[PDB]
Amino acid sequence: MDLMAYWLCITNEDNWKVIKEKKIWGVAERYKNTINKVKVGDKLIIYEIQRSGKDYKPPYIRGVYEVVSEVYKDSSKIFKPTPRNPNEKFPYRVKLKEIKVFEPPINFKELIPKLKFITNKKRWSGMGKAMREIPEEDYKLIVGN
């Protein structure tokens, strides 16, 4: 079989809490093409987006998980949708096994200089993707924190 892959999964504060509790990662129809590339044994790195504004919160790496199921479809509600796409259920999912929850959480901005997948060290922040593959060496840098 193919080698294990490492996936950065982009989520928000509310859904991180759901992922942490239910140990399930899910994406919307628009991104099923990416999650379908996931397989048992792969690792998911949960990225919690920055909170901009006066109540600033840095972008966080909240934890790492092991994928323990093939991608399945389930529309039972578990995640928090947005007001503009209120009927979103993030039906494409995978079961997870907790590997490590970072305490304190990893401030992603502090890792920028050493992350190989981030080639633009100055402008990286600005997405349009729910999942991003990353190299084993970046996974190691993270999970070893």
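Counting begins at 1, following the sequence as shown.
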Seminar exercise, completed: For the neighbouring pair residue 126 and residue 127, the stretch of deposited sequence with no coordinates amounts to 1 to 3
For this session: Using the B-factors recorded in the PDB entry, average over the C-alpha atoms of 47-55 and of 82-90, then report which stretch comes out higher.
Result: 82-90
Seminar exercise, completed: When mean C-alpha B-factors in the record are compared for 73-81 and 105-113, the larger belongs to 73-81
Exercise. Which of these, 62, 37, 30, 95, has its C-alpha atom at the highest B-factor, as the entry lists it?
Worked result: 30
